[PDB]
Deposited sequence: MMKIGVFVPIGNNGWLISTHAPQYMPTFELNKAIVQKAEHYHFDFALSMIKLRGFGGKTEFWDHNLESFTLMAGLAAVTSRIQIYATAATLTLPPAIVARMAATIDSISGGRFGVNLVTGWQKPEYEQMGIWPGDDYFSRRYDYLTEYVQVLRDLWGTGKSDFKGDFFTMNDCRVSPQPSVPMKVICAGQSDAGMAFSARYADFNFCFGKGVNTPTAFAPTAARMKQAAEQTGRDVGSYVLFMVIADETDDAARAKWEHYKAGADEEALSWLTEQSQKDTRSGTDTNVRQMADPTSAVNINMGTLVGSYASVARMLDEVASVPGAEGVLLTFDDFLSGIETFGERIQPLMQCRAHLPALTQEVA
């Protein structure tokens, strides 16, 4: 048994950088239709990223992005079962605001909300608004996040923080109400420091799936995450990001995938700088018939450490539909559902 989440397209064209991919703006209403459909098929959770700058090109890839906390507050108000995670880009929001936003969406969702904390990698995302802390930051970002999360822990735990460190000073800082349920914190650290951070403070860790149709290729990463979690004695499983390109037969899925790679938007792709393709940022990709994708996802579920998968689709509305109608009923690790 394995948890499934949907990575909601808060950015235009989702995760495909291609003139042959579906072209779409991220709107509330689309994300709404996506999450209500995921929920209908008993997806366990929905997460949006935050992305403050695009990559340009013919497709203007990720030039158009909604903001994660307000989007997930809206989706919380129109759902009732699915878990909801927003991403805080920690350089952009003071911890006490994040603490109170999380409490607010706790209230909207009736205890279904959590937070994905990220340090921020993309210097231009922060440079553009004059808030990059210098090149000190690459090396020091995990100390920063350590202080940040301590402030949140105090606020969610007791309503109050006196935390004092290098980057934050609380003087009897107050946030009430406190979340109705223990606030879940997720992290996406791949590095050593990142995994050490997650081992100490996260409920689980997002990592990248690897290769095309090589479902268990990420297994070493999940092994290191599991090793990091032994060092704190805490249960911090891996959730693995894959793109699913599924169809009636393997041939048809492969034709879609090739069709996408053909239209690659090379102009957008320069700004980012059986093989994985940059057309989906070299994402772990599963391409096949419904049954073949079911089988490969079953393999992911057997990797030590792996507690779930976070899924993108080439086409979200019909991809979630076919996943739910054709893939999920064939998956051993989902036989527990209605």
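Several segments of the deposited sequence have no coordinates for C-alpha: 274 to 292, 358 to 364, numbered from the first residue.
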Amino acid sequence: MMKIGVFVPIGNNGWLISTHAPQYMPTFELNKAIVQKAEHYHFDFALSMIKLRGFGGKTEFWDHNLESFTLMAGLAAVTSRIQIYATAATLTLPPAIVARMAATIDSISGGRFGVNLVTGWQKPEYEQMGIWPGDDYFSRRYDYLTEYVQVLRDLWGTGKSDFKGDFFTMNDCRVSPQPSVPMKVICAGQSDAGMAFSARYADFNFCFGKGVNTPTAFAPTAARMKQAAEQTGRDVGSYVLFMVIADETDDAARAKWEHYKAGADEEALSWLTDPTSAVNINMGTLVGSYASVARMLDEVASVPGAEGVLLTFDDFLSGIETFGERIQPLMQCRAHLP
From here on, numbers count along this sequence of modelled residues.
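Coordinates for residue 298 are present in every one of the other compared entries of this protein that model residues on both sides of it, well short of the third needed to count it as often missing. Compared with other deposited structures of the same protein, residue 274 meets the criterion of being unmodelled in at least one third of those that resolve residues on both sides. Stretches 2 to 10 and 327 to 335 differ in mean C-alpha B factor, with the higher average recorded for 327 to 335. Look at the mean CA B-factor for 15 to 23 and for 310 to 318 in the entry; the higher one is 15 to 23. The PDB entry assigns its highest CA temperature factor, among 169, 116, 231, 109, to 169.
Remark: of 39, 29, 274, 67, 274 shows the highest value [criterion: C-alpha B-factor in the PDB entry]. Sorting the modelled residues of the chain by their CA temperature factor places residue 259 in the highest third.
When the modelled residues of the chain are ordered by their C-alpha B factor, residue 191 lands in the highest third. Ranked by C-alpha B-factor against the other modelled residues of its chain, residue 236 falls in the middle third. Residue 288: CA B factor lies in the lowest third for its chain, per the PDB record. Ranked within its chain, residue 122 lands in the highest third, by CA B factor from the PDB record.
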